[PDB]
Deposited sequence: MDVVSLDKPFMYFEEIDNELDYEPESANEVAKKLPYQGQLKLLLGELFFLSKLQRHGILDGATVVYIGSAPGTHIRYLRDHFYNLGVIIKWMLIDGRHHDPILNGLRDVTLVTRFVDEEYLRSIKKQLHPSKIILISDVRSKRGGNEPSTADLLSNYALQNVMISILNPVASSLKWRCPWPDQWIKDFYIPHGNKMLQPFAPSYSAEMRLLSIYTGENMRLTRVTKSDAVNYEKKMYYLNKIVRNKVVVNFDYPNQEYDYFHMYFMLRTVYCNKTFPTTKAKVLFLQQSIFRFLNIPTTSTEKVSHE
């Protein structure tokens, strides 16, 4: 058994203290172990991000614009969580595909079946006005050409929607498939527990202060680094059993998840953080129908 004692997990890409030469063979390895892992990955991360906003005093009263939301089965639990805490939020979910019916009939969530373009973003910006916006984008077209095009759109989202915070889907293209150096918004590289076994994807979380917009170039040397750190994490780290982690599940991912969950806010008071986390995990697993 691959055991170990860890103090804390790698919460952000910058914390990963080791790299590995990427082994193409890993592509053939089982990508997921849990049912609805996708909605799990999505929800913990989106819960983490939003709790922050709440912590910063910027969530309440905001309109959450989620682009690339369908099915968005998990979004429903998210919506209830803040709604039950008493935070006022309006959700505007947009996708060309259809949303999980559990999203319907809630007055505070508006579904839209529209593939957004730069033009559309301008009208939704005029119609949202003057509400403060929090943007969440998880749009997907894949080729580096596809990727760049997506990253380009996310950038036009922020420039037109002019949000107070954002969470963007972030996966660097692969160095052996580089096309050109491009810019992404400055934000924290949030590591996603329960992401596919060899996923190099994370979530870019940014808070927009002032009227400024800080970007950052991404070059192939960067793409090489992203590849090596993400492969070491996936291969080595994530397959770690945190034997000093006293929990129903000591596997890394749950250890990593405990850490994002211990930051989430609840109504019920617990004697310990073990209790709140066991509680929110159980709650979310039950919601997702995950054993």
May I ask you to mark the stretches of the deposited sequence that the structure leaves without C-alpha coordinates? 142 to 147, 298 to 307
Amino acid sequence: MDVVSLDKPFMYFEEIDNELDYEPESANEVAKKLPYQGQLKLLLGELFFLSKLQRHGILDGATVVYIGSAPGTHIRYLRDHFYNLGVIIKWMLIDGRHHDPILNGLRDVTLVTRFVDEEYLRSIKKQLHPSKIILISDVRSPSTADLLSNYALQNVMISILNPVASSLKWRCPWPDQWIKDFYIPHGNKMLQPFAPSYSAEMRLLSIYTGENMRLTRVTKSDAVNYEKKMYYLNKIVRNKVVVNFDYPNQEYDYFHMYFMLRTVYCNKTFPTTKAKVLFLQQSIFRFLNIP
From here on, numbers count along this sequence of modelled residues.
Stretch exceeding the other in mean C-alpha B-factor - 67 to 75, 114 to 122: 114 to 122
Of 49 to 57 and 223 to 231, the one with larger mean CA B-factor: 49 to 57
Which of 261, 237, 31, 43 ranks first by CA B-factor in the deposited coordinates: 31
Peak C-alpha temperature factor (PDB record), options 187, 175, 163, 101: 175
Binned into thirds over the chain's modelled residues, the C-alpha B-factor of residue 90 lands in the middle
Where does residue 128 sit by CA temperature factor within its chain: lowest, middle or highest third? highest
Could you say whether, by C-alpha temperature factor, residue 15 belongs to the lowest, middle or highest third of its chain? lowest
Name the third of the chain's ranked CA B-factors that contains residue 217, choosing lowest, middle or highest. highest
Binned into thirds over the chain's modelled residues, the C-alpha B-factor of residue 182 lands in the highest
